[PDB]
């Protein structure tokens, strides 16, 4: 009972009732960094039981088949969850448990991936549609940070539109800092959210705070230079 019966009802009528295409949550789990693996596994299961348009699959990252699946979905470590549209990679990932304020953002991502659509401004979709370089966006957060979801959701919408444009080169990765301290220490994460925009594997831009759509995009674009 990780999710109460009342919440299940609310999740179904407020979120999953808007789903269109089936969504599959592919969760990679290994023997490292997963103090909250049981909750993560129980979580994706409880959500999947809410609708026939949502399913999950727990993948063992510590095995050769698991590693290969990880490569196909561009996942380099576990725990990690990629929200796919019936297996199709949209670059919407969560590294760690989506607890606290990140829970609602997780639910919305499922819907947006189901619909394969976002509410970004037209100007922003047109720009994001032109991006043709491997872009990885890290969003360091904590379950307690109320603004963090905004940054996670913004990067994810960028990933979705870039997938819709037929590029599929933008990866939006929410990183739960409490579970990935070493990774967070790597970018001197203090205040959250902390955004790191990488192009072709190398860091190019870094900032703190949930930047509005136009400014977040401005930072993404400058990173591509």
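Numbering follows the first chain given and starts at 1.
Is the mean CA B factor in the deposited entry higher across 208-216 or across 20-28?
On average, C-alpha B-factors are higher across 208-216.
Between 89-97 and 119-127 (mean CA B-factor, as deposited), the higher
Going by the record's values, the stretch with the higher mean is 119-127.
Would you mind checking which of 163, 48, 39, 35 has the top Cα temperature factor in the PDB entry?
Within the set 163, 48, 39, 35, 35 shows the top C-alpha B-factor.
Per the PDB entry, maximal CA B factor within 185, 176, 60, 57:
In the PDB entry, the greatest C-alpha B-factor among 185, 176, 60, 57 is found at 185.
Record-listed C-alpha B factor of residue 82: chain third
According to the entry, residue 82 has a C-alpha B-factor in the chain's lowest third.
Residue 70 by Cα B-factor - lowest, middle or highest third of the modelled chain
For residue 70, the deposited C-alpha B-factor lands in the middle third.
Chain-wide C-alpha B factor ranking for residue 109, given as lowest, middle or highest third
It belongs to the lowest third of the chain when residues are ordered by C-alpha B-factor.
Where the record places residue 190 (Cα B-factor, split into thirds across the chain):
It belongs to the highest third of the chain when residues are ordered by C-alpha B-factor.
Record-listed C-alpha B factor of residue 43: chain third:
Its C-alpha B-factor belongs to the lowest third of this chain's values.
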